[PDB]
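**Q** What follows is a single structure, and I will ask about it in a moment.
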RNA sequence: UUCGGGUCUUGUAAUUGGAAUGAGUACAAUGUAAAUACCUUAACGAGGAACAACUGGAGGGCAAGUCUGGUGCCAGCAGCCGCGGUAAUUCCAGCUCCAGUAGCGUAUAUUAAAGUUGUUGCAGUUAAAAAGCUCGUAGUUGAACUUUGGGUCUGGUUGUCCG
RNA sequence: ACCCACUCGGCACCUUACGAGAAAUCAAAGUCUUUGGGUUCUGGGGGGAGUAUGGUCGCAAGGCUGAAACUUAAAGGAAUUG
Ligand SMILES: [Mg+2]
Ligand SMILES: [Mg+2]
Ligand SMILES: [Mg+2]
Ligand SMILES: [Mg+2]
Ligand SMILES: [Mg+2]
Ligand SMILES: [Mg+2]
Ligand SMILES: [Mg+2]
Ligand SMILES: [Mg+2]
Ligand SMILES: [Mg+2]
Ligand SMILES: [Mg+2]
Ligand SMILES: [Mg+2]
Ligand SMILES: [Mg+2]
Ligand SMILES: [Mg+2]
Ligand SMILES: [Mg+2]
Ligand SMILES: [Mg+2]
Ligand SMILES: [Mg+2]
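Next comes the structure, spelled out in C-alpha cells:
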C-alpha cells in the first residue's frame, strides 16, 4: 500500500531509523507512543476483530444525531493486547479509528504457570482483577489446557492475548461490553503490575533509548 | 519466570522505583528517570557516564518525589547533608 | 396522590368501619 | 428386590447450545472422522473431562505421595496403552494437554482408515458396521472401539467376510447363480 | 466491619438470621407456606383436566390489538373455574362445548403471558385427543 | 500467443456399473425347567436401495431467509423485547436453510446461572433497607504479660561430589 | 485582654485523588474480588400495602407487630443532550 509515515515524534523517528528493535524497549522505559505506525513496525502481525458496534444517539432540536461506537481488540496472541473504543459518524471510519486507538494502546502481559513449569507459560502468573464502571473482572490462573472459561468477549480478548488457559469471574452489569472489556484489559495489564518473589532483585536501570540515541532524533 | 530447563520466558523484566521498590508499569505515564552526571576533579561533567534513579509516578503524584530524590542522592554521595534521616 | 392523603383516606375508612363495629359489638 | 446395576450417563451437552465457532468446530470434527451425530464429540469430551478431573486432582496432591504415585502412573499406563498419550510425555502434566481429537484418532474407524484397507473414512465406518474388520480374529462391528497400541497390528478383514476369504455374498452369489442358469 | 457477627461461637445468630431472611424470597415463601397446594388452581400439578363451561374470547392489551380465543373451564379435581387459552390458528372450532379438556401451565410460572389478560393456562388435549394432532389432521375428534 | 490442453486435484448432475450389508422372514442348533429373545447360521431378504426420520426453529436473545404466494394491527405468532394498519425476513402455506437426532417439543417442580440468601460472599446517603435517642439482662466479642536462647552429640530424608 | 508556637477534645470548613463509588459526590461513603477488628437492626422488583386478620398498648385518636390471594415488565437512582 501507500505509506510514507513522516515521523513527528522522537520515538517515531528512532523507530523509523531502525534504532529500536523490540517493543520491550518501548514498554520497559514507559515510553509514550502516539503513532500507531510504530506499533505496526514493531509487531507486524497484530490481528484484530470488532467486538461490538453500538449506535449512540444525541437528542438535538432536529431529530436524533446518531454516531457509532466501535469496540476493537488488537493483539498478536503472543502477550500483547490493545483495546480501542471509538465513536464516529460512519461505521467504517469508527472501526478504522478504533483499530488506530487499539494499536496506540498496546500493552504487555505477564503469562505465568499454574504449577510445575514445564513448557512456555500457559496461564497468568497470579490472580488479577480490574473494575470499569460497575463491572469487576477477576482473572484466576487455571491448570494447563483448561480453555478460557470466560464470556465470549473476554474469551476472545484472552485469545488475542495468547493466554490459552484462564478462569474468570465477572461481577456487576457485565451486560455493557465496553465496561467488561475495559475491566478485563485493566486486569490483564495489571498482571505486570503485581510484584512477585521471582521479580524481587533490583536491576541496573539501563539508560533510556532516547538518551543513548538522542542524536538520531531531533530532525535538523 | 523461569522455564524448567533454565531459560527465561519473561519479557521485559520491568524496572522498579528506586525510592519505593515498586515496579514501573509499561503505561505508567507519570514516572520519570533522572540522570545525574558524574563529576571529575576539576568540575568537568564527564560525558556518557552518570547515575540514574527511576522515580515512580505514584510518589510524584503524592508529592514525595523531591524528598525521595534528596535522600537517594545523599546516600550515593551526591549532596552533603541535604536530607536528615531523623525528622 | 400523596402518601399523606392516602393515609388520611384509609383513616376515614377506618372511621366508618370502627363506628359500624362499635354499633354492632 | 434384586441389587441394581448402575446405569450412568456418558456424555454432557454443552451449556451454550448455539455457539457459532463451537458448532463449526463440531461439524469439522464430525466430517473429518465420519461421526454419525454430535453426541460422539460430547462423549469424547466427557471422557477427556473425567480423565482431566482425575489428573488435576492428582496434581493438587503433593509430589511423592502414595495416592499421586499409584493413581497417576495407573492413569498414564492406561492412556499409553490406549495410545492417545505418546511414550515421550508420560509425565501426568502433558496428560492435561490431551485434546478431543487425540481420542478421536484412536477410534477403530480412523485406525482402519490409516491402515489403508479402507480408502475412505465413511468407507471405514460402513466396513466396520458390516462385520468385516476383526481385531485379532474377533469381529468388531463398532466404529469407536478405542483401538489400543498392543493390538493395532492385528486389524484385518475377518475370515467369514468375503474380503478375508469366503463366499462373496448376496449380490455376487445371486449374480453368479443367474449367470450359471443363463 | 460488617453487619453480621464473625465470632467462632456466633453460629446460632447467623443461622437464625439466614432463616429469618429466607422469607424475603418468593420461591422459598411459596415452598414453605405451601401456597401452591392451598390457593393455586392446581396443587403442585403440571396438568389438570376440566369441563368446558362456555366459549369466550378476550381482547388483548394496548400495543396488541386482537381477541385471543380462550375457553372457561371448571376443574374436575377440585371444582375451581379458570380461563384457558387454545393455542393455534384454527383450534377454537376443534374444541366443542361441554367436553373434557386437559389444561396445562402457560409457561410463565403461573402468570399471564404476553398480551392476554387474566389467563394462565394452555389447552393441550381435548376429549382425550391432543390439539396438535387435530390441527395437522393427524387424528380426529371422537365426537362422543 | 485470447486460447488452452485440466496438464494436478475437489465437488455438482432424475445420468450409469459392480459390490457389501443388515431391518425383517426362516431350515436348524445353541439358549431355557419348557419356551421366547439374544450369539451363531442354512435358504430368501436393497435401487427412487418407497426398507422413504422426525421434532422445533429461520427479527433479536440464538445457528439458519429482509425468497414466493395468502391474510391485512383480522387470523394468529410471540418464554421476554416485539410482528400483524396492502411489499409481514415473526401469522397460514411452498422453496431453501439451521439445531438435536431415534429422538425432539412442551407443563409444573428443582438445581447452576443467583455475589438475587451472600460463613467463604450481598447491600442500607439518595435505587428496597440505620430502630427518634439513651440505658440494659441474655447472646456475641474482649488489652499486654509469664523459658527465649544457645553448644555438643546423634537418627532418619533430600539435593549434593563421585565409588 | 491580646500576639506567636504547641497539644488535647468538639461543631465545622477549603484543596486534591493518590483511594471509593452507577455517578451526584465522600477525608469518610477510604483502608472491599489483594474480599474477615467487635457488634446490633434492616432490605431481596413494583403494586396490592404498612391493607386485612390475630395479638398487644391507648379513654379516644392511633401506636407496635404485620401477610397472602391477585396483578404487573418494569417501577426506581445518578447523570448527558435537547
Ligand atoms: Mg378488541
Ligand atoms: Mg420441518
Ligand atoms: Mg412457526
Ligand atoms: Mg415461515
Ligand atoms: Mg443468527
Ligand atoms: Mg410476503
Ligand atoms: Mg442485592
Ligand atoms: Mg425516593
Ligand atoms: Mg430509600
Ligand atoms: Mg438511624
Ligand atoms: Mg450481656
Ligand atoms: Mg488476649
Ligand atoms: Mg417486593
Ligand atoms: Mg410501600
Ligand atoms: Mg387490631
Ligand atoms: Mg432522576
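Chains as they are written, first to last, in the numbering used here: chain B, 1 to 220; chain C, 1001 to 1087; chain U, 2001 to 2025; chain P, 3001 to 3182; chain W, 4001 to 4144. Each residue gets a CB set at the ideal place from its N, CA and C atoms; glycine is no exception.
Using beta carbons (cut-off 8 Å, strictly below), is residue 93 (chain B) in contact with chain C?
**A** no
**Q** Can you list the residues of chain P that residue 116 (chain B) reaches, using a CB-CB cut of under 7 Å?
**A** Those within 7 Å of residue 116 (chain B) in chain P are 3093.
**Q** Does the distance from the CB of residue 113 (chain B) to the CB of residue 140 (chain B) come in under 8 Å?
**A** no
**Q** Residue ranges of each alpha helix (DSSP H) run of no fewer than 4 residues wholly in the stretch 4006-4085 of chain W, ordered along the chain?
**A** Secondary structure remark: continuous alpha helix (DSSP H) runs of at least 4 residues inside the stretch 4006-4085 of chain W, in chain order: 4011-4021, 4027-4033, 4035-4038.
**Q** Once the 5 residues before and after residue 4094 (chain W) are set aside, which same chain residues still bring their CB inside 6 Å of it?
**A** 4134
**Q** Can you give me the start and stop residues for the beta strand (DSSP E) that residue 63 (chain B) sits inside?
**A** Where residue 63 (chain B) is concerned, there is no enclosing beta strand (DSSP E), given that its DSSP letter is neither H nor E.
**Q** Show which residues of chain B have a CB atom less than 7 Å away from the CB atom of residue 1003 (chain C).
**A** Result: 117.
**Q** If you measure between the beta carbons of residue 3106 (chain P) and residue 3084 (chain P), is that distance less than 8 Å?
**A** yes
**Q** Counting Cβ pairs, one atom from each stretch, are 3 or more of them under 8 Å apart for the stretch 1054-1064 of chain C and the stretch 1010-1020 of chain C?
**A** Result yes; three or more Cβ-Cβ pairs closer than 8 Å.
**Q** Are the C-beta of residue 35 (chain B) and some C-beta of chain C separated by less than 8 Å?
**A** no
**Q** Let's test the definition: count the other Cβ atoms within 10 Å of the Cβ of residue 4020 (chain W) and tell me whether it reaches 16, buried, or not, exposed.
**A** exposed
**Q** Let me see if you follow: with CB-CB separation under 8 Å, is residue 121 (chain B) close to chain P or not?
**A** no
**Q** Of the choices W:4034, W:4079, W:4042, whose alpha-carbon is the least far from that of residue 4121 (chain W)?
**A** W:4042
**Q** State buried or exposed for residue 3002 (chain P), treating a residue as buried only when at least 16 other CB atoms are found within 10 Å of its CB.
**A** So residue 3002 (chain P) ends up on the exposed side.
**Q** Can you tell me the Cα-Cα spacing of residue 12 (chain B) and residue 44 (chain B), whole angstroms?
**A** 16 Å
**Q** Compare the beta carbon distance of residue 4048 (chain W) and residue 4030 (chain W) with 8 Å and say whether it is the shorter of the two.
**A** Not in contact: residue 4048 (chain W) and residue 4030 (chain W) (Cβ atoms no closer than 8 Å).
**Q** Would you list the one or two residues that DSSP bridges to residue 68 (chain B)?
**A** In the DSSP output, where bridge partners are listed per residue, residue 68 (chain B) has B:55, B:88.
**Q** What do you get for residue 179 (chain B), buried or exposed, if any count of 16 or more other CB atoms within 10 angstroms of its CB means buried?
**A** buried
**Q** List the endpoints of the continuous beta strand (DSSP E) containing residue 131 (chain B).
**A** 128-132
**Q** Should residue 111 (chain B) be labelled buried (16 or more other beta-carbon atoms within 10 Å of its own) or exposed?
**A** Counting of Cβ neighbours within 10 angstroms places residue 111 (chain B) among the buried residues, the total reaching 16 or more.
**Q** Residues of chain P with a CB under 7 Å from the CB of residue 143 (chain B): which are they?
**A** 3056, 3059, 3096
**Q** Is residue 4072 (chain W) near residue 4103 (chain W), with beta carbons less than 8 Å apart?
**A** no
**Q** Which whole-angstrom value describes the C-beta separation of residue 4125 (chain W) and residue 4101 (chain W), a residue pair presumed to lie in contact below a C-beta threshold of 8 Å?
**A** 7 Å
**Q** On the CB-based measure, 16 or more other CB atoms within 10 Å of its CB, does residue 187 (chain B) come out buried or exposed?
**A** buried
**Q** Are residue 3055 (chain P) and residue 3092 (chain P) closer than 8 Å when you measure CB to CB?
**A** Yes.
**Q** Just verifying my parser: in three-state terms, what is the DSSP assignment at residue 46 (chain B)?
**A** coil
**Q** Determine the burial state of residue 76 (chain B): buried for a count of at least 16 other Cβ atoms within 10 Å of its Cβ, exposed for fewer.
**A** buried
**Q** Going straight from the alpha carbon of residue 3020 (chain P) to that of residue 35 (chain B), what length do you get?
**A** 36 Å
**Q** On the three-state DSSP scale, how would you describe residue 80 (chain B)?
**A** strand
**Q** Just how far apart, CA to CA, sit residue 3086 (chain P) and residue 3080 (chain P)?
**A** 6 Å
**Q** Suppose the cutoff is 8 Å on Cβ atoms and the five residues either side in sequence are ignored; what does the same chain contact list for residue 173 (chain B) look like?
**A** 133, 134, 135, 179
**Q** Comparing the CB of residue 4067 (chain W) with every heavy atom of ligand 1, is any distance shorter than 7 Å?
**A** Residue 4067 (chain W): yes, Cβ under 7 Å from ligand 1.
**Q** Write down the C-beta distance between residue 1067 (chain C) and residue 118 (chain B) rounded to the nearest angstrom, noting that I regard them as a contact closer than 8 Å.
**A** 47 Å between Cβ atoms; not a contact.
**Q** Is residue 1091 (chain C) close to chain B? Criterion is C-beta to C-beta, closer than 8 Å.
**A** For chain C, the structure presents residues 1001 to 1087; residue 1091 (chain C) sits outside this window and is missing.
**Q** Beta-carbon of residue 1081 (chain C) versus every beta-carbon of chain B: anything under 8 Å?
**A** Interface residue (Cβ-Cβ distance to chain B less than 8 Å): residue 1081 (chain C) is not classified as such.
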